[PDB]
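In: below is the sequence, then the experimental coordinates.
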Amino acid sequence: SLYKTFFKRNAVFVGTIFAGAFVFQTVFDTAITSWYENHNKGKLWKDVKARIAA
Amino acid sequence: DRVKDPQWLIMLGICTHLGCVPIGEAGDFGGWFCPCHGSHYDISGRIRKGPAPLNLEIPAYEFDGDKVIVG
Amino acid sequence: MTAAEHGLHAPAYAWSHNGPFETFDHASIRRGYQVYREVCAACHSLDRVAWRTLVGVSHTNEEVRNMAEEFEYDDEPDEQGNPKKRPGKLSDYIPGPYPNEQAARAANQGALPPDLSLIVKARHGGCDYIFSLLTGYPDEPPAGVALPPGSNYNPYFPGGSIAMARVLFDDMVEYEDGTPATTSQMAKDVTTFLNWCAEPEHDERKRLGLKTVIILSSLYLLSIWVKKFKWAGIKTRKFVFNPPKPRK
Amino acid sequence: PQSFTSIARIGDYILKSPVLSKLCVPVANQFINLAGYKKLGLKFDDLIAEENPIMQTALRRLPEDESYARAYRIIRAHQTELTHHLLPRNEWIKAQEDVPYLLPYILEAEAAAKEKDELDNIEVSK
Amino acid sequence: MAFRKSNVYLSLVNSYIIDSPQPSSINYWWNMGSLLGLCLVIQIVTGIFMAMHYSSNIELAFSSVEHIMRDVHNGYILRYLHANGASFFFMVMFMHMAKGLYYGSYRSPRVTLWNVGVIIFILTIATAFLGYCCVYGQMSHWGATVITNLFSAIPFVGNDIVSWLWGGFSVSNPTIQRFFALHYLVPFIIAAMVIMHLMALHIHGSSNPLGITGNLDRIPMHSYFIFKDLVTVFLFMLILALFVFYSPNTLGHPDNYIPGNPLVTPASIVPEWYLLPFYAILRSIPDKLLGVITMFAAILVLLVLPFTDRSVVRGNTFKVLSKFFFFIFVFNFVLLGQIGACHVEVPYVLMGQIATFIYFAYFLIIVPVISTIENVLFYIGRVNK
Amino acid sequence: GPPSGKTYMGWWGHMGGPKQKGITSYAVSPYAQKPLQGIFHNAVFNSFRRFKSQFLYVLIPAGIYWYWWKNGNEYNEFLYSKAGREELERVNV
Amino acid sequence: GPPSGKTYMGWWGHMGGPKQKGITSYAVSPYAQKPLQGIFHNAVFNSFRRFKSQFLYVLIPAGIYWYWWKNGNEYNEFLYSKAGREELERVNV
Ligand SMILES: CCCCCCCCCCCCCCCCCC(=O)OC[C@H](COP(=O)(O)OCCN)OC(=O)CCCCCCCCCCCCC
Ligand code: HEC
Ligand code: HEC
Ligand code: HEC
Ligand SMILES: COc1c(O)c(C)c(C/C=C(\C)CC/C=C(\C)CC/C=C(/C)CC/C=C(\C)CC/C=C(\C)CCC=C(C)C)c(O)c1OC
Ligand SMILES: CCCCCCCCCCCCCCC(=O)O[C@H](COC(=O)CCCCCCCCCCCC)COP(=O)(O)O
Ligand SMILES: CCCCCCCCCCCCCCCCCC(=O)O[C@H](COC(=O)CCCCCC)COP(=O)(O)OCCN
Ligand SMILES: CCCCCCCCCCCCCC(=O)O[C@H](COC(=O)CCCCCCCCCCC)COP(=O)(O)O
Ligand code: FES
């Protein structure tokens, strides 16, 4: 009954779904971009731009 | 049976085996040589050696004086 | 066909952009463009690669602008209808060395050099085929092969007889970063550059693939849970049958 | 579309011959217990497709208690196939219980439809 | 009554996808129909959003496809979804037709459903061929040439039919433009045939994997088969996302990135991967006219199927020999595809002829003989005399 | 609307099966039911049962056609080599 | 199929009108009937009746709007001429 009033109305249920999906899109985009850049360090173009200093 | 004028050879380039393009002034027979599978072509457009089953087709062309219409 | 008409099978070289997470080596793309411009671009067009795609990928903004302003393109004509030229800009395409097909076939003994915008995606084997093609010329053909004059041998080309010359020799170019520019180094660099030219979306394609595979795997497992949940009233359903009174 | 009179004629020709029966009745019941319709709790007359009007007639012909038993065997087969299990070995249909119970109703409907078609296409004895 | 039952529009939505009585024993093979519907919606939506950037001239087709893959935002997603989804569309359709052959869904009272299915199959092959010719690569041009010369095999009329198809004298600008118009058109005919297919299904309901009636224990469509189809929808999107994003050009042929050149013939002209059994059937016959007739007869022999299945039980579930020869047939169809992918060489000609004969023998000799033997074996196994 | 023909599926209430009597159902709510209690021991032993009863009908046709494809492909790459070129000459003509 | 709601049109047999009794029909076959016997005298007098009862409801709105359009168009081609250019100056500003 502690969480069921948080699930009782369907309005607050789908509001929770949309708020969490907004937060999930932002966080998941930032995290996958950071991991995909970290896994390929030394190969992306900002690395070569930092190395080629001329 | 292939030319109306023995002075001139006008033949189609659609080869009978695969449609390849023989090389002009090449081969061992004085005519043409298919580079795909060695269909040796004579000076009149016939298969001698190679997997080409038939001879080269002559298009329809008629004389009009100082030219020839092709079709 | 024999193995000669089919061509020898290019082996599995371990590229730095194979695998579902590795991206291109952009320094290798920069050096591949340098080897392209100083070796290939005498005889190969690159008609589908605009200048703006190199900005932020293999060169900076001013580098692409000062490489494009060395070339002349067709401007709109002046106030008397006379045709005039202009220096290049970022929106134009990389020009070929030959104005038409017949000049190409004239300058290359009849053979037409194919446009290299999609050549690593239009050959079976791909990267391995292009690398083995470049570094695969023997010093002399095997005994018993009569080459037509003006043609060259390497076993990776289908048929054995290619109309290209061996155009990768030791240290014919100098690299900007001081990398030792042997034949295999330059061939690896141009094959990476041509992989970029055929697939400029490759980096973003793999990261959006990572996002999509993660989200769809999570959705697939969640949907397995919800199917096992909403069918639980029907999987566990039981039936007993006592046969009815036969008088009715 | 086998027309049960025909399969009954072939089967009776096999059974009445001693050599053919001794040859292919072990093959027959080996085929039956490799078919595995027993293991779902079914009989073979529960398995004949019933979406043609002659078999629909032969199901109207059937007595009540056998109809309720057939309905229970169908529902337990659907439930067991739904759970992707098999019925336990005590609940399998045994060899003696696999009785051709619906075969005579089907055969009399076959003879009735055959006789109706023949009499619908007769000549006259001139 | 309820609003989903009393409204005119929502009554169809009700009686098709909400309260439709489905047999409660059907497994995941009764899900390929919903999967084909989803994949058809994928093909149509990507086709519209990719045909907003496509110019169908013969001098501007391949350049416009590369304009889609390079300049259009997310255009590589569109083209890769589109081509690989057409491959998955034929793979799910092959699995759906194999579900039809295995469980006996072709038998009475579902002959109309099977015939409308074969019509959908022919229209889908036509759509895929036209859209593959719209790329105008090397394989596109030469495949269009070979198929229309096969139409020139027709006696006394055929050359004028082919000059009508080409709109000229070879595969040229009017050919590619009319292939794009027809290729835009025929999927809506496929959608209409799908609606007719659903009607012919709905008048008797689905089958079940046992081959007995399902009128006793029906469960509704809603939430049960809705979430079961949602499971396979997410699996299908997962595998499609793999073959789009990580390995897009696997199923295609690499010669299709060479522009269309009428002068250079390729070393090996091969269609896209799923038309290869039919191409092998046609290539196995040493005649042009009999080859074309045999290629169309290889689809009409699916229409002659409900009249040869003389088994009195529905479906191959509880039959041994029919199940074995079914998998003989399936791996024979795969062997037809692999024969067709090869060259015209010894011994692939002889194996192509034997494989075509085993295809037609399964549809015409093996099924009635094995079904008759299985009927008599079921009878004498349990009847004692 | 017009009437239609006799179908073999009715609707909820008049579905068209045989009349049934004395057959009772028992089902429990899935909220009081634990889902996926039968994944472990199930995906091992039931999956091995479903494989054992059903694999050989798939494995014998795959074996036959894969062996026949492999023998044909081996004979191909034999007779287009140097060793079997005279055999290629006599079977291609 | 499912049942549907109450409509206001049934079908042949249960159409949904009121019950009717003692109302008899009489019709003759058109093979024994001469068609277009009623075109002459009909297309004159009945057409004049159908015009007389029904024209004025069309003719008064057409008259009003055509007169209003004609007066507006005449005032347009007045004030864009030389005679009404000062009036165009004072009504355009
Ligand atoms: C022109 C006409 C087109 C014709 C298309 C011909 C087929 C094209 C290829 C499509 C492949 C799809 C095959 C699916 C076979 C039908 C589905 C099926 O039969 O599965 C059920 C089967 C037996 O299950 P039961 O229902 O009998 O369960 C009894 C419970 N007591 O379970 C089994 O026996 C095992 C199922 C294993 C499926 C494996 C799929 C094999 C795919 C071959 C690919 C080959 C790649 C090398
Ligand atoms: C405009 C609507 C449109 C619809 C609807 C459509 N397509 Fe396509 N399709 C295209 C276009 C445009 C192309 C060519 C561009 C391309 O290939 O990327 C194409 C190309 C194709 C190709 C070749 C892909 C390639 O690049 O090799 C195939 C295969 C194909 N379609 C199959 C189908 C099938 C199967 C369906 C539906 C049953 C379908 N298409 C529906 C527009 C459509
Ligand atoms: C000597 C002139 C010449 C130069 C220099 C040259 N090419 Fe070529 N190249 C050709 C010709 C001609 C062909 C096509 C020959 C043929 O088809 O037989 C060709 C074909 C190719 C092919 C594909 C060959 C095939 O069979 O598909 C590749 C790849 C290629 N060149 C890469 C390069 C690269 C990379 C460079 C620079 C590093 C380069 N070429 C420089 C003339 C040249
Ligand atoms: C030629 C065979 C065939 C083709 C092709 C075919 N269908 Fe079916 N379809 C069937 C059969 C048979 C059934 C009935 C299944 C059964 O036996 O119970 C069916 C049933 C269905 C069903 C009901 C769900 C199901 O799995 O039975 C849907 C939905 C469906 N088809 C959609 C399609 C769509 C969409 C296409 C292509 C656009 C298509 N079908 C093509 C034969 C076919
Ligand atoms: C036997 O039990 C059943 C069953 O009875 C049914 C019905 C189904 C369900 C069947 C289906 C869902 C198949 C239905 C498929 C269709 C009706 C095909 C229709 C497809 C379309 C794509 C409709 C056409 C719509 C468009 C083309 C609109 C697209 C327009 C766009 C994108 C415009 C974009 C432009 C702008 C400016 C936004 C089952 O799956 C099933 O098994 C469980
Ligand atoms: C025309 C295209 C055909 C594609 C075939 C798709 C077949 C499956 C469709 C699934 C629809 C799910 C609706 C279920 C529902 O509303 O139940 C509703 C509520 O259920 C839910 O909220 C489900 C959670 C949300 C799932 C969203 C899935 C969207 C992804 C769809 C991807 C394919 C388009 C009724 O559920 P209840 O009766 O048990 O209370
Ligand atoms: C070839 C077939 C193609 C597919 C067509 C058949 C399938 C159609 C499925 C449509 C599903 C969505 C329709 C739901 C809309 C229900 C609203 C409704 O019916 O209320 C309608 C009014 O609808 C409208 O005003 C416009 C509806 C246009 C629909 C445009 C999509 C009122 O209906 P009713 O008379 O029962 O209400 C009485 C009040 N108590
Ligand atoms: C209109 C039918 C389209 C169906 C597409 C299904 C094919 C699967 C591949 C989808 C990849 C394309 C999307 C993408 O690139 O997103 C990528 C992320 O991946 C996904 O989230 C895809 C999940 C698919 C869920 C499907 C939900 C159903 C929606 C029905 C339509 C309202 C890119 O994300 P981003 O642009 O960064 O926001
Ligand atoms: S084209 Fe290959 S032999 Fe003439």
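Out: Right, received. Where do you want to start? Numbering: from 1, shown residues only, chains lettered A, B, ... in the order given. Ligands and ions are numbered 1, 2, ... in the order given.
In: so which residues on chain F come close to ligand 1?
Out: F:54, F:57-58 (Cβ under 6 Å from any ligand atom). In short, each C-beta sits where N, CA and C put it, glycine included.
In: out of those, which are buried?
Out: F:57-58 (16 or more other Cβ atoms under 10 Å in any protein chain shown).
In: ok, now which ones touch the residue nearest in space to the middle of chain C?
Out: Chain C has residue C:195 as the residue nearest its centroid, 2.5 Å off, counting by Cα atoms, centre = their mean. Contact analysis of residue C:195 by Cβ atoms under 8 Å, 6 or more residues apart in numbering or on different chains lists C:17, C:24, C:120, C:126-127, C:202.
In: can you tell me the helix or strand for it?
Out: Per DSSP states H and E, residue C:195 falls inside helix C:183-198.
In: buried sites along that helix?
Out: C:183, C:185-198.
In: what about the residue of chain F found nearest chain A, neighbour count?
Out: Residue nearest to chain A within chain F: residue F:31 (12.5 Å; Cβ to the nearest Cβ). Counted with other Cβ atoms under 10 Å in any protein chain shown, residues neighbouring residue F:31 total 8.
In: am I right that residue C:86 falls within a helix?
Out: No: counting by DSSP: H, G, I helix; E, B strand; the rest coil, one finds residue C:86 to be strand, located in no helix.
In: give the next helix or strand downstream of the helix holding residue C:195.
Out: helix C:202-230.
In: how far does that following helix sit from the chain's center?
Out: 29 Å (Cα atoms, centre = their mean, to the nearest Å).
In: so after it, what's the next helix or strand?
Out: helix C:232-235.
In: so is that following helix next to ligand 6?
Out: No: Helix C:232-235 is not in contact with ligand 6 by Cβ under 6 Å from any ligand atom; minimum separation 11.2 Å.
In: that helix and chain F, are they touching?
Out: Yes: counting by Cβ under 8 Å from any Cβ of the partner chain, contacts between helix C:232-235 and chain F involve C:232-234.
In: out of those residues, which touch chain A?
Out: Counting by Cβ under 8 Å from any Cβ, no member of those reaches chain A.
In: out of those, which comes closest to ligand 1?
Out: Of all the residues of helix C:232-235 next to chain F, ligand 1 sits closest to residue C:234, with 17.7 Å by Cβ to the nearest ligand atom.
In: surely that closest one touches residue D:78?
Out: No: Residue C:234 sits out of contact with residue D:78 when judged by Cβ atoms under 8 Å, with a separation of 10.6 Å.
In: common neighbours of those two, please.
Out: Joint contacts of residue C:234 and residue D:78 (Cβ under 8 Å, 6+ apart) are residue E:24.
In: which one's more surrounded, these two?
Out: residue D:78 (26 against 16).
In: what about the residue lying closest to residue E:327 once chain neighbours are set aside, how many residues nearby?
Out: Distances taken as Cβ to Cβ, 6 or more residues apart in numbering or on different chains place residue F:61 nearest to residue E:327, at 4.4 Å, with adjacent residues excluded. Residues near residue F:61, counting by other Cβ under 10 Å, number 21.
In: would you mark the buried spots in the strand or helix carrying residue F:61?
Out: Secondary structure from DSSP H and E places residue F:61 in helix F:56-79. By 16+ other Cβ under 10 Å, the buried positions in helix F:56-79 come out as F:57-58, F:61, F:65, F:69, F:72, F:76, F:79.
In: now do stretch F:77-87
Out: Of the residues in stretch F:77-87, F:79-80, F:84 count as buried by neighbour count, 16+ other Cβ under 10 Å.
In: for residue C:24, see how far away residue C:37 is.
Out: 18 Å (Cβ to Cβ, to the nearest Å).
In: what of residue F:59?
Out: For residue F:59, the distance to residue C:24 - Cβ to Cβ - is 44 Å.
In: quick one: the helices in chain D?
Out: In chain D, the segments counted as helices under DSSP state H are D:5-16, D:18-35, D:53-60, D:64-82, D:103-120.
In: nearest to ligand 4, out of these?
Out: helix D:64-82 (14.7 Å).
In: and that closest one, is it in reach of chain C?
Out: Yes: using Cβ under 8 Å from any Cβ, helix D:64-82 reaches chain C at D:64-65, D:68-69, D:72, D:75-76, D:79, D:82.
In: most neighbours of all the residues you listed, which one?
Out: residue D:79 (23 neighbours).
In: hmm, it is touching residue C:240, no?
Out: No: with contact defined as Cβ under 8 Å, residue D:79 does not reach residue C:240; the gap is 11.6 Å.
In: please state the backbone phi and psi of the most centrally placed residue in chain B?
Out: Closest to where the C-alpha atoms of chain B average out (Cα atoms, centre = their mean) is residue B:45, at 3.4 Å. Backbone geometry at residue B:45, expressed as degrees, to the nearest 10, gives phi 90, psi 50.
In: list the contacts for it?
Out: Contacts of residue B:45 by Cβ under 8 Å, 6+ apart are B:2, B:9, B:11, B:31-32, B:55-56, B:58.
In: identify, from the residues you listed, the entry nearest to ligand 8.
Out: Of all the contacts of residue B:45, ligand 8 sits closest to residue B:56, with 51.1 Å by Cβ to the nearest ligand atom.
In: now that closest one. Nearest residue, chain neighbours left out?
Out: residue B:45 (3.7 Å).
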